[PDB]
Every structure is written in C-alpha cells, then in structure tokens.
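Input: a single structure, listed below in structure tokens.
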Amino acid sequence: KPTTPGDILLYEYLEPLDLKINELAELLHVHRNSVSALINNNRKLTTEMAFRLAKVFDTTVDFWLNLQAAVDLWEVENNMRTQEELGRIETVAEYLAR
Amino acid sequence: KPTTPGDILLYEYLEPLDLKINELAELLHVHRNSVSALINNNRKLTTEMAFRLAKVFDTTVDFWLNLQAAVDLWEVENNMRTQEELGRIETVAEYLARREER
C-alpha cells in the first residue's frame, strides 16, 4: 500500500517534532479519535481535515489530498472483483452504434 | 460554484448523445438510482464510479475525480463554521514555541 496521509503525519511530523496525538487534535480542533483513525488508516482523509492539516503544518491542501488520491486509486486497482467488472463494461461507443 | 460531475455528465454527455439515465446505468452496470444520485449530487462521485465512467466515456479517471474535487473544495470554502474554525487554528510552529517556554 502507498504512503497514506496518516503515515506522513506520524513519521514525518509527529515523531520528528515530539508531538503527541492529543496535542495535534487540540491544534486541529477535532476529537482525538479522528486523528488516530487517520493515522491508523481507518478513515479516509476529508477535504476539511486536509485544510486543518494544511493550517497546522503550513503546507498546501493539495499536498495532503494527493497522498489520499494515490491511495484511493491503489485500492480500486487492487480490488479484483471491481477490476473484473470494469472488464465487461461496454463503452458509449459500442453502444450508441449498436 | 463549480460544475458538479453530475452536470458535466448530464449537460455534456447524456443530452448531446441522447443517452438515457437507464441506458448509462446498464453500461456502467450500476443501479439507475446510483446514476440519478450522482447527477443530482446526493452522492459524491466515488473513485470506483470514476473508473466506470472513465471506461464508458473513454476518459481518464482524474477527469471525473477533478470535478468532484472542485466541489469538495467549494463546500469547505462556503461553510462558515469551518472557516471561522480554520481561522482560529494555531499552527505547530506557534504551538512548539509556546510549549518550549513552559
């Protein structure tokens, strides 16, 4: 699995800065449970939470959203059931014609 | 206010090619109600749906995801509770400075 926003948050900010999850939650103005879920990759990053992270850490909102975007695509590429389905989808071309 | 993926789908694909909701549904292989919810913005365009649309209309997945991204950004920017809140957030640079004083 690609690097999640949670991975980046824990390994490149929290640990290097000696910052606790509860301190971050306070800085972000969200419940501790929301930060932990993000870090354990249990909840996808929302646009709103991306803005909060951008604020606290002084980055663009894009930076956080792109990490989530790459993970999202990875999840669909690796779901074989979904891939098989995309396999028999007929395009608007073959259709409009026939 | 950006054009939702639903509007692009309806006004730039379904109507110029006279393709029905039900017709697109059977192509995407999803229930008619999912397509209708996408078009009316009651359901966000998901990553999987983006893959299906990409396949049916021969586009990239991001062509669709970028449209939903624009809507997501608009929603946050026009939510006053969130904006005031974002305005009150203390940065980590500030916080760490304060913490070291204690």
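Every chain in the structure tokens has a letter given in the order shown (A, B, ...), and although residue numbers restart at 1 in each chain, ligands are simply numbered from 1 in the order shown.
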
field: Residues near region 40-54 of chain B, cut-off 6 Å, only C-alpha atoms, skip fewer than 4 positions along chain, as a VMD selection string
entry: chain B and resid 28 58 to 61 64

Requested write-out: C-alpha atoms of the selected residues, as a PDB file, in the first residue's frame:
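Output below, filename part-v8.pdb:
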ATOM      1  CA  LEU B  28     -21.879   1.382 -16.017  1.00  0.00           C
ATOM      2  CA  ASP B  58     -13.108   6.843 -22.770  1.00  0.00           C
ATOM      3  CA  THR B  59     -11.632   9.474 -20.454  1.00  0.00           C
ATOM      4  CA  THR B  60      -9.122   9.403 -17.615  1.00  0.00           C
ATOM      5  CA  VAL B  61     -10.236   8.630 -14.084  1.00  0.00           C
ATOM      6  CA  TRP B  64     -14.005  12.868 -13.299  1.00  0.00           C
TER       7      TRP B  64
END

- prompt: Could you pull the residues within 9 Å of region 83-98 of chain A, counting only C-alpha atoms, minus those fewer than 2 positions along the same chain, as a VMD selection string?
  reply: (chain A and resid 76 to 81) or (chain B and resid 17 19 24 26 to 29 51 to 53 55 to 58)

- request: Have a look at A:47, A:60, A:4, A:22 and name the one nearest to chain B; count only C-alpha atoms.
  value: A:47

field: Nearest to residue 55 (chain A) by atom-to-atom distance, counting only C-alpha atoms, from A:9, A:38, A:27, A:73
entry: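 With only C-alpha atoms as the atom set, the closest residue is A:27.
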
field: Which residue of B:35, B:4, B:101, B:16 approaches chain A most closely, using only C-alpha atoms
entry: B:16

message: According to DSSP computed on the backbone, where in chain B is there helix (DSSP H, G or I)? Give the residues as a PyMOL selection string.
response: chain B and resi 5-14+21-28+32-39+47-57+61-77+80-88+92-101

Go ahead and dump the residues you just picked, C-alpha atoms, as an mmCIF file, in the first residue's frame.
data_model
loop_
_atom_site.group_PDB
_atom_site.id
_atom_site.type_symbol
_atom_site.label_atom_id
_atom_site.label_comp_id
_atom_site.auth_asym_id
_atom_site.auth_seq_id
_atom_site.Cartn_x
_atom_site.Cartn_y
_atom_site.Cartn_z
ATOM 1 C CA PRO B 5 -19.579 15.926 -12.156
ATOM 2 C CA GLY B 6 -23.315 15.302 -12.459
ATOM 3 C CA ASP B 7 -23.840 18.439 -14.536
ATOM 4 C CA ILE B 8 -20.937 17.566 -16.820
ATOM 5 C CA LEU B 9 -22.415 14.095 -17.242
ATOM 6 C CA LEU B 10 -25.943 15.347 -17.936
ATOM 7 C CA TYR B 11 -25.301 18.510 -19.970
ATOM 8 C CA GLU B 12 -22.150 17.399 -21.808
ATOM 9 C CA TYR B 13 -22.606 13.666 -22.365
ATOM 10 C CA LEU B 14 -26.149 12.388 -21.841
ATOM 11 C CA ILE B 21 -30.209 7.524 -17.366
ATOM 12 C CA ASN B 22 -31.266 3.879 -17.568
ATOM 13 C CA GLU B 23 -29.063 3.357 -20.623
ATOM 14 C CA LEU B 24 -25.988 4.751 -18.884
ATOM 15 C CA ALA B 25 -26.852 2.707 -15.794
ATOM 16 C CA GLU B 26 -26.769 -0.557 -17.746
ATOM 17 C CA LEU B 27 -23.484 0.472 -19.366
ATOM 18 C CA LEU B 28 -21.879 1.382 -16.017
ATOM 19 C CA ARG B 32 -30.363 3.550 -12.161
ATOM 20 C CA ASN B 33 -30.643 5.182 -8.727
ATOM 21 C CA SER B 34 -26.846 5.480 -8.351
ATOM 22 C CA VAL B 35 -26.612 7.413 -11.624
ATOM 23 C CA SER B 36 -29.535 9.608 -10.615
ATOM 24 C CA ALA B 37 -27.920 10.308 -7.231
ATOM 25 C CA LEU B 38 -24.629 11.195 -8.919
ATOM 26 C CA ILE B 39 -26.348 13.592 -11.314
ATOM 27 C CA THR B 47 -13.233 6.537 -7.038
ATOM 28 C CA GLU B 48 -14.868 3.340 -8.309
ATOM 29 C CA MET B 49 -17.625 5.233 -10.112
ATOM 30 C CA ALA B 50 -14.896 7.378 -11.677
ATOM 31 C CA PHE B 51 -13.283 4.214 -13.071
ATOM 32 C CA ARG B 52 -16.626 3.111 -14.558
ATOM 33 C CA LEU B 53 -17.260 6.491 -16.160
ATOM 34 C CA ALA B 54 -13.693 6.618 -17.498
ATOM 35 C CA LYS B 55 -14.306 3.269 -19.188
ATOM 36 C CA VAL B 56 -17.742 4.120 -20.633
ATOM 37 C CA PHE B 57 -16.762 7.529 -21.989
ATOM 38 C CA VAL B 61 -10.236 8.630 -14.084
ATOM 39 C CA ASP B 62 -8.977 12.013 -12.939
ATOM 40 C CA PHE B 63 -11.062 13.874 -15.492
ATOM 41 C CA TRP B 64 -14.005 12.868 -13.299
ATOM 42 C CA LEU B 65 -12.278 12.967 -9.910
ATOM 43 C CA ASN B 66 -11.023 16.515 -10.519
ATOM 44 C CA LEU B 67 -14.612 17.721 -10.957
ATOM 45 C CA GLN B 68 -15.655 16.205 -7.632
ATOM 46 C CA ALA B 69 -12.515 17.666 -6.044
ATOM 47 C CA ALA B 70 -13.607 21.142 -7.136
ATOM 48 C CA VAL B 71 -16.991 20.599 -5.492
ATOM 49 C CA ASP B 72 -15.376 19.354 -2.287
ATOM 50 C CA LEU B 73 -13.215 22.472 -2.131
ATOM 51 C CA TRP B 74 -16.202 24.727 -2.764
ATOM 52 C CA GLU B 75 -18.178 23.078 0.059
ATOM 53 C CA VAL B 76 -15.443 23.718 2.627
ATOM 54 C CA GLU B 77 -14.914 27.309 1.469
ATOM 55 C CA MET B 80 -18.824 29.416 7.704
ATOM 56 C CA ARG B 81 -18.462 27.234 10.788
ATOM 57 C CA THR B 82 -15.417 25.600 9.199
ATOM 58 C CA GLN B 83 -13.910 28.900 8.033
ATOM 59 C CA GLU B 84 -14.062 30.651 11.407
ATOM 60 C CA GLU B 85 -12.711 27.450 12.898
ATOM 61 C CA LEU B 86 -9.833 27.335 10.412
ATOM 62 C CA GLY B 87 -9.161 30.950 11.292
ATOM 63 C CA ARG B 88 -8.777 30.080 14.979
ATOM 64 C CA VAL B 92 2.559 23.812 15.043
ATOM 65 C CA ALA B 93 5.339 26.408 14.747
ATOM 66 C CA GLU B 94 3.490 28.683 17.158
ATOM 67 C CA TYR B 95 2.491 25.854 19.475
ATOM 68 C CA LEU B 96 6.007 24.446 19.746
ATOM 69 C CA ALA B 97 7.326 27.917 20.545
ATOM 70 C CA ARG B 98 4.796 28.290 23.354
ATOM 71 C CA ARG B 99 5.438 24.753 24.612
ATOM 72 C CA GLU B 100 9.177 25.343 24.981
ATOM 73 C CA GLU B 101 8.544 28.361 27.205
#

field: Atom pair CA of residue 48 (chain A) / CA of residue 64 (chain A): separation (Å)
entry: 10.8 Å

- request: Could you please determine the separation between CA of residue 68 (chain A) and CA of residue 1 (chain B) in Å, to one decimal place?
  value: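 Separating CA of residue 68 (chain A) from CA of residue 1 (chain B) is a distance of 23.7 Å.
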
query: How many Å separate CA of residue 62 (chain A) from CA of residue 5 (chain A)?
result: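 Atom-to-atom, CA of residue 62 (chain A) to CA of residue 5 (chain A), that is 11.5 Å.
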
- prompt: Which is closest to chain A among B:3, B:91, B:102, B:79, if we use only C-alpha atoms?
  reply: B:91

Residue with smallest distance to chain B - pool A:15, A:8, A:29, A:39, counting only C-alpha atoms: A:29
